[PDB]
């Protein structure tokens, strides 16, 4: 999985050499950055439920048809809603993973890879998620670096949905 530390190893291993200083300096930057990030991760995880639910609704407001239109890809029913409640959980759960790892790696491997085909196949609409996401960005009550880091990965999840 791609993380600052593993990229460094990957580089060194490619040229069959031990680790450089430059590389070492890189991991240190990652450790330094890891503080406010573990903080963002902890915060968001503790607010898990309210952000999910608060996110769920916000997507039934910007896109009302999802709550009415019949069809398995719609939240118009319970199991429909269950699914969407599950997906924002997955989205939320992913950001904190990136936060803990110091990179988009987690999100890349577990969500980003294959995102298109899957949205296209199940008739899922990006809008719905960029929406739930946009709500998370302005509802995590994070400040300073914790918010800087957090937001970075969120936007990444958006461009990836474009």
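Positions refer to the first chain, counted from 1.
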Q: Select between 102 to 110 and 56 to 64 the stretch whose C-alpha atoms have the higher average B-factor in the entry.
A: 56 to 64
Q) Once you work out the mean C-alpha B-factor for both 89 to 97 and 113 to 121 from the entry, which is higher? A) 113 to 121
Q: Just grab whichever of 38, 133, 48, 27 has the top CA B-factor as deposited.
A: 48
Q. Hey, out of 151, 139, 22, 14, whose CA B-factor is highest in the deposited coordinates?
A. 139
